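One chain comes next, on its own, written out as structure tokens in the form deposited in one PDB entry.
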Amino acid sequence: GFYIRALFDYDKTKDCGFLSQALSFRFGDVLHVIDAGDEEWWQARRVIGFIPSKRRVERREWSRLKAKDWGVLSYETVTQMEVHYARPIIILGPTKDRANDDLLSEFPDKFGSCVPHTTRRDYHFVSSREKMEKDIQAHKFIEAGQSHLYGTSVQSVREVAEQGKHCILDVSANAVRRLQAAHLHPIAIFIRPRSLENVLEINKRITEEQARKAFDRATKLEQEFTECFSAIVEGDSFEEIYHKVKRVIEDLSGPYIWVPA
């Protein structure tokens, strides 16, 4: 058959109280499709039941958008490939900073921070801003910005990854595609707030206004970068989100991983 990665969560018993041979899966789950003979329902098992076909899932999506005329994600085929480095980590969403620091302090042997370049051991110093600006234009950085310039080079990430540890990247989701192109498949973990109230329950260190801003930024982050996420994590407290972040990292950190195309 063939393999696909789900780009949405699916649980009909949970959503409707309907019992059937339907398979339940979460965003990011890799599914082994054994029989795609039925146009509406595919037979598969998480890497044995039925899941809606690409045709069925999208038809439903397009129908939704068409409802707004004058007023789309389903699955992606994946292949397994071997990796010779430790996968970089990109945690996104509310509390991502806390999760980053705790992983670094709690497991220094497994996680490390890379050495950023700067125009201003700690940093890779660059004398010329011009040379810097050109390297940026030359796609040497996964992400950069500024009164001095700062950037995280593909090479610096590579060094940490080759040394055998997951490199904790403090970058935007835009960096995911950048890393994929450099053949350094990151583990992009999105922490999704279940609601505005949920943000204050997973992050007990911010104000109500900060939580609203956080919820809004999370919503726009999911709308635009879902395909780039390796996993989506939710919870009723940071502890639970942290526990899941660790589990997701482990689950996706083997010598063999699933990738697009």
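If you superpose the two forms and keep the largest set of C-alpha atoms that fall within 1.5 Å, you have the rigid core. Don't overthink the numbering: it's just position in the shown sequence, from 1.
Just so it is clear, the following notes concern the form deposited with a partner chain bound, a form of the same protein that is not shown.
Between the partner chain and the residues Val154, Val126, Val78, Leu149, the one pair within 4.5 Å by heavy atoms in the deposited complex involves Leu149. Only one of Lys96, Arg177, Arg158, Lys140 lies close to the partner chain in the deposited complex, with a heavy atom inside 4.5 Å, and it is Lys96.
Taking the partner from elsewhere, every residue among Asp101, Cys114 and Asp170 has a non-hydrogen atom within 4.5 angstroms of the partner chain in the deposited complex. Stretch 101-109 is the answer when you ask which of 158-166, 101-109, 80-88, 185-193 has residues with heavy atoms within 4.5 Å of the partner chain in the deposited complex. Shown alone here, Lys131 lies farther than 4.5 Å from the partner chain in the deposited complex, counting heavy atoms only.
Put simply, after the core is superposed between this form and the one not shown, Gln137 is the one residue in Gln137, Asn174, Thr79, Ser105 with a Cα shift of at least 2 angstroms. Core-superposed comparison between this form and the one not shown: the Cα of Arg247 travels less than 2 Å. The Cα position of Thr13 differs by 2 Å or more between this form and the one not shown after fitting on the rigid core. In contrast to the form presented, in the deposited complex the C-alpha positions of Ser53 and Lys14 draw closer by 3 Å or more. Annotation: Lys14/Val199 CA-CA distance longer in the deposited complex than in the displayed model, change of at least 3 Å.
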